[PDB]
């Protein structure tokens, strides 16, 4: 398996672009940035609104929990490489506490509204609009040789007043090398691609498109998360029971993958269940023909069949968004 677009990006670029292990961090000044209030947390970091004391400009301060140097350099290198791209969070500085050596990444401030609260307020048009903005970011990172590998609403910061979107948390992100084979324990559970749940390791940018399709199905059908499985095996069952097992079996044999007796056992046998079955009164104002056609083109087992980010941006679904922009 190789990517159908942008397969040769890191091949033509000089080694220093993608050789993140050879980066030497140029640590800024811890004191320039003061923590103002906690705004979030996850498995690998704590996140604070901050102030730059030099210029009194707001910022985001990401304090990293203890992390291997290899892996923080990967996140730093990817951030530097994408800094300035459309809707990509901007890294501004990297600093460390002198005593304990605990690193903090400093970013542009985005006044986010949490998705659990934001997304049920979105009109059919805002959904179009914000999904388009997020597609610009994925196209750009893909065109630069990078897979984000952790697309989810928690990783998409939205200032809904400025109509502004940033893709954040590049901590699971990786450079793309044709036919290189990758760790499958990436993404977060509800957003993992079939490729991940079946041990297909030579995956690519297309993995972020599955994750975007999960996010999008969540939004138009008002069902967050869309595929709600308890552990990884349960995750593939939840998908199978929507896409049907027939399509899974053809996927499995194209890429020559055997599905582990117990997993095979768990998945069983299922009809495909039409996208229209998820329609109800709460969600009806969001589930038009064009939304479904687009969703159907993202949530395909076969990662090679999914639309690329550049294709998605052209689909008739976003025609009003393009026209406003042009």
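Residue numbers count along the first chain shown, from 1.
Residue stretch of maximal mean CA temperature factor, 52-60 vs 255-263: Here the higher of the two C-alpha B-factor means belongs to 255-263.
Highest mean C-alpha temperature factor of the two stretches 26-34 and 289-297, which is it? Comparing 289-297 with 26-34, the higher average CA B-factor belongs to 26-34.
I'd like to know which of 139, 174, 169, 161 has the highest C-alpha temperature factor in the PDB entry. Among 139, 174, 169, 161, the PDB entry lists the largest C-alpha B-factor for 161.
Pick out which of 180, 128, 73, 148 has the highest C-alpha B-factor in the PDB entry. The listed residue with the largest C-alpha B-factor is 180.
Using the temperature factors of the C-alpha atoms in this entry, rank residue 120 within its chain: lowest, middle or highest third. Middle third.
Third of the chain, ranked by Cα B-factor, where residue 194 sits: Tercile = middle for this residue's CA B-factor.
Is residue 230 in the lowest, middle or highest third of its chain when residues are ranked by C-alpha B-factor? It belongs to the highest third of the chain when residues are ordered by C-alpha B-factor.
Within this chain's modelled residues, let me know which third the CA B factor of residue 77 belongs to: lowest, middle or highest. According to the entry, residue 77 has a C-alpha B-factor in the chain's lowest third.
Lowest, middle or highest third: where is residue 204 by C-alpha B factor in its chain? It belongs to the lowest third of the chain when residues are ordered by C-alpha B-factor.
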